[PDB]
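*Asks:* Fold the following.
(5 chains)
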Amino acid sequence: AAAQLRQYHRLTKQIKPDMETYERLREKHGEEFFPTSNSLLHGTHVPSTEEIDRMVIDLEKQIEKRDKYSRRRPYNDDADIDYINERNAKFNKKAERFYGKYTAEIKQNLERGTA
Amino acid sequence: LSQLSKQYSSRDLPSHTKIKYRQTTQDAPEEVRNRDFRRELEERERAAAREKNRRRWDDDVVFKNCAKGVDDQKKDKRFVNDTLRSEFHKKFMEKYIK
Amino acid sequence: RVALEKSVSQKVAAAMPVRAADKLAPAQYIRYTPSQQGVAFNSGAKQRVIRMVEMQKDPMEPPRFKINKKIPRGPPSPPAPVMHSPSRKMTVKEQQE
Amino acid sequence: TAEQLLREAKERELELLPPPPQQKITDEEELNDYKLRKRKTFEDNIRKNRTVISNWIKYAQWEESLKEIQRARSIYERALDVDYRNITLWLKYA
Amino acid sequence: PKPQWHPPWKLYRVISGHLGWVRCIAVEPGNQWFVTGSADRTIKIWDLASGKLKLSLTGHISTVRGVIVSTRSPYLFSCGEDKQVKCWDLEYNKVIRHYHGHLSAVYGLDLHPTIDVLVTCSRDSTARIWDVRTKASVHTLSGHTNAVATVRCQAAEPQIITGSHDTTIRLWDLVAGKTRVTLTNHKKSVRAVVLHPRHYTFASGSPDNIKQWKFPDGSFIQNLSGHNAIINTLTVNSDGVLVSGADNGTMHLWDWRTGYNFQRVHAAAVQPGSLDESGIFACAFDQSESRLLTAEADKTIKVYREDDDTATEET
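*Replies:* Numbers count the residues shown, from 1 in each chain, chains lettered A, B, ... in the order given. Shown next is the protein structure:
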């Protein structure tokens, strides 16, 4: 379908593809959620080894505890986003049930009844 | 490993210590390599498939001939995938239930 | 036939208590460097060879060291790459089917 | 309605015992002994099923929580060493 | 370019009468008699020379999942769902010896062409290598995460392989009491394995895709694709065609050296009224490749021959 473009807007998604789809939309929402940075100054930190994909040194000094906290912020953001699934949405109606399994059997029974 | 050898049990006694090589009368590997079995089987199936061959008492009855000329309706040799009745379980259940 | 003859000889010999043989004849005269020590002065002459013979046979008592413990498995295996062409997902219709 | 409501009251009263959370993190190393008993229960739960995903995930969360680095890296290293395919679990440990 | 004029393959004869689905199939080296393992728990023996049968073998506790014909001795290696793999002596009209050490049901079996040994694919995931004539075993083959679907071995360089349900085709080097390599090419569990008469490349197949690997050194061959279904079996013949049997009933003939198959065969072998999804569980090429024994879950063994026609289309 659609390959790529330059824009940001609302969409639908939230569909069956799940893992791959939630990871693509999560990486796109994370990349679009974090704008550019001071890398111009890292453009002073830039010199001669930049290009030539296959790397001579893949480690070096990393950055600092700065990039450690800035790396820990999207982890807590992904934890808060992962903490959002559904709500309680309860009430007293119809008959009773037993723990979780009877509620799951009620949801699956409602899914099988409507077809 | 160099371990786990302590005690034996039954069925583990020495058995068939001498194997049996293929005799020239039964199967010879060179004769199978030089075998004509393509044409030998073509000729065998050619022969087997070639030849296959093989009065007031009667008037006083209120009825007449009812079942007549019905024989082959029940297949003599029939292999049915369904094991519920078919030919087998029909007579099997007929003899075991009455 | 040589590998299966040695392995089949050891396993088939141990699995068949024919009591093997008498002992062996490994006079086993060993001339070698003692772990290439190069210690102070000299602990012997040249490589300090030693006489190495076999061991006394087994008496009528089968038990020597009994273990019969349980340590099943426990090593892992090195993982390989996937080495497979990634396919296409089921989207809404094939996954919801 | 009295049958379903009676099943709701009897089912509500069918819960077995409340929790007894007393003496939480007290007597110094006694809390480490309680963590040894909890880690032993997690080791037995992971021991019942070698294919268990859930129990391994809970051992990873409680591990990383109370086991700091070493033992937590031993839980993620043991579960990771026992898992070749199903790389999503390797992404959970990662 | 689809060269070497792939000839069309057609039917020969139809056979039925078995009490259960046919799990395995085998033939004598001299084409004298045939045998098939079946779901009925009794080992089937069918002499197909005239279209006849051979003998009815009994004493298997469960359905026989595999069988083999020893070239040196008249002993047919037996493997079944009963986890008991017993080579049978037929000289006395009774068995040879019962092998031991299988922890679960044996999904497959094989015989080494030179040395005397018994190979088995055991649903415990354990592929049993056995020094045999002595009543001995040889070595246990492990490392497959799931059960071993197939087993293959040869007297050449340590080509040994066991098709595993774990989606990684196993490769064992037996000589050292060791293994060979792990094959990750198959994306799903490989239920099919074959050895081509070219002997250069080991053949394998899976429902996702068929994996042909050029051996000994860890090299590959080609990825056979275009047949999407559960792959029951793969058999390579001497003419360059390899029939692929499926659980859905679609047998796809294979042109190989052309890079792609020689046919897509969709046919209904369905027995009387019980049919369901039952396909062809196994198949075997003849010695002269003049017919193909078809073993299906419908308990119908149908040989396949050709009408000697020109044809030879392309795509």
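*Asks:* On the three-state scheme, the closest residue to chain E within chain A is what?
*Replies:* Relative to chain E, the nearest point of chain A is residue A:20 (15.6 Å; Cβ to the nearest Cβ). For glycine as for every other residue, the C-beta is placed from the backbone atoms N, C-alpha and C. Here residue A:20 is recorded as helix under DSSP: H, G, I helix; E, B strand; the rest coil.
*Asks:* Identify the residues contacting it.
*Replies:* Neighbouring residues of residue A:20 by Cβ atoms under 8 Å, 6 or more residues apart in numbering or on different chains: residue C:89.
*Asks:* Could you list the contact residues of chain E toward chain C?
*Replies:* Proximity of chain E to chain C, by Cβ under 8 Å from any Cβ of the partner chain, involves residues E:115, E:117, E:131, E:134-139, E:143, E:168, E:175-177, E:182, E:184-187, E:208, E:223.
*Asks:* contacting residues around the closest residue in space to residue B:75 that isn't next to it in sequence?
*Replies:* Distances taken as Cβ to Cβ, 6 or more residues apart in numbering or on different chains put residue B:87 closest to residue B:75, at 7.2 Å, once the chain neighbours are dropped. With contacts defined as Cβ under 8 Å, 6+ apart, residue B:87 is in contact with B:74-75, B:78, B:80.
*Asks:* re the thing from before, the residue of chain A closest to chain E and chain D: what is the separation?
*Replies:* 11 Å (Cβ to the nearest Cβ, to the nearest Å).
*Asks:* My impression was that residue E:190 belongs to a strand - is that right?
*Replies:* No: looking at residue E:190 with three-state DSSP, it is coil, so not inside a strand.
*Asks:* What residues does the nearest residue to it once chain neighbours are set aside make contact with?
*Replies:* Nearest-residue entry for residue E:190: residue E:206, 4.0 Å, with adjacent residues in sequence omitted and distances by Cβ to Cβ, 6+ apart. Residue E:206 is in contact with E:167, E:186-192, E:231, counting by Cβ under 8 Å, 6+ apart.
*Asks:* gap between residue E:206 and residue E:261?
*Replies:* 15 Å (Cβ to Cβ, to the nearest Å).
*Asks:* And the residue of chain D closest to chain E?
*Replies:* Closest residue of chain D to chain E, Cβ to the nearest Cβ: residue D:84 (6.4 Å).
*Asks:* Please give the number of neighbouring residues around the nearest residue to that residue once chain neighbours are set aside.
*Replies:* Leaving out its chain neighbours, the residue that sits closest to residue D:84 by Cβ to Cβ, 6+ apart is residue C:79, at 4.7 Å. If you count neighbours by other Cβ atoms under 10 Å in any protein chain shown, residue C:79 ends up with 16.
*Asks:* Residue C:79 - that's part of a helix, no?
*Replies:* No: if the criterion is three-state DSSP, then residue C:79 is coil and not within a helix.
*Asks:* Need the phi and psi values for it.
*Replies:* Dihedral angles of residue C:79 (phi, psi; degrees, to the nearest 10) stand at phi -80, psi 140.
*Asks:* Quick check: the most far-flung residue of chain B relative to its centre vs residue E:97, distance?
*Replies:* Centroid-distance maximum for chain B: residue B:56 at 52.2 Å, with Cα atoms, centre = their mean. Residue B:56 sits 78 Å away from residue E:97, going by Cβ to Cβ.
*Asks:* Could you check how far the residue nearest to residue E:190 is from chain D?
*Replies:* 15 Å.
*Asks:* One more: residue B:36?
*Replies:* Between residue B:36 and chain D the computed distance is 52 Å (Cβ to the nearest Cβ).
*Asks:* ditto for residue A:22
*Replies:* Distance of residue A:22 to chain D, computed by Cβ to the nearest Cβ: 12 Å.
*Asks:* Get me the contact residues on chain A for chain D.
*Replies:* Taking Cβ under 8 Å from any Cβ as the test, the list of chain A residues beside chain D reads A:19, A:94-98.
*Asks:* Now flag whichever of these is closest to residue D:12.
*Replies:* Minimum distance to residue D:12 across the residues of chain A next to chain D is 8.1 Å, recorded for residue A:96 (Cβ to Cβ).
*Asks:* Tell me who's in contact with the closest one.
*Replies:* By Cβ under 8 Å, 6+ apart, residue A:96 lies in contact with D:4-5, D:7-8, D:11.
*Asks:* ok, now residue E:15?
*Replies:* By Cβ under 8 Å, 6+ apart, the contact set of residue E:15 is E:46, E:48, E:51, E:300-303.
*Asks:* Give me every residue in chain B lying close to chain A.
*Replies:* Counting by Cβ under 8 Å from any Cβ, no residue of chain B is near chain A.
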